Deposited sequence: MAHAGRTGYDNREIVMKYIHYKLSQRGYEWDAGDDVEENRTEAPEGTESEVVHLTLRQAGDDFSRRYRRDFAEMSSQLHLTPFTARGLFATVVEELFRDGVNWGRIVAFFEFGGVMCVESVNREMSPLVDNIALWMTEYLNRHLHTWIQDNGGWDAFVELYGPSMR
């Protein structure tokens, strides 16, 4: 699969859910998984969003530190869903705070992390098709 396309379509959906139109089965499964995750952890996401205080000064370090901590001792599909939802949080905060150019940066950072850090794990664990299979019983 093309990880950049996965990132771009995911972010476009997170932003469209906030009323923002960003000029950029796997997609739909990831879409529902991320929504289920942030609905399940609504209070936690609300607290994260209120402490982000996102600025162009802090965005790169925020992203790198959260993601490094998230995968500190390894990878699983839940942590990958969390990675996408956290990227979505940063993008929504970007447009909310009239910092919409940061969305382009965040999408680049997410694509670079998926391609150059998570790729070997995704490949060794059956690829995105394995994720579709695992989450399939939770769809609809």
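Mapping the modelled residues onto the deposited sequence reveals missing stretches at 1-8, 33-50.
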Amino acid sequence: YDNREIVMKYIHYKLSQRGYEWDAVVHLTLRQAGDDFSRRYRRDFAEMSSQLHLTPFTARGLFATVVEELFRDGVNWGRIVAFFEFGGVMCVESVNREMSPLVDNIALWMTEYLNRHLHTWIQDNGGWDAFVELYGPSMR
From here on, numbers count along this sequence of modelled residues.
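With 83-91 and 42-50 compared on mean CA B-factor from the PDB entry, the stretch scoring higher is 42-50. Of the two segments examined, 126-134 and 7-15, it is 126-134 that shows the higher average Cα temperature factor in the deposited entry. Per the PDB record, residue ranking by Cα B-factor puts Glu112 in the lowest third of the chain. Per the deposited record, the Cα B-factor of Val67 falls in the lowest third when ranked against the other modelled residues of its chain. Annotation for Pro56: C-alpha temperature factor in the highest third relative to the rest of the modelled chain, per the entry. Ranked within its chain, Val75 lands in the lowest third, by CA B factor from the PDB record. Per the deposited record, the Cα B-factor of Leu28 falls in the highest third when ranked against the other modelled residues of its chain.
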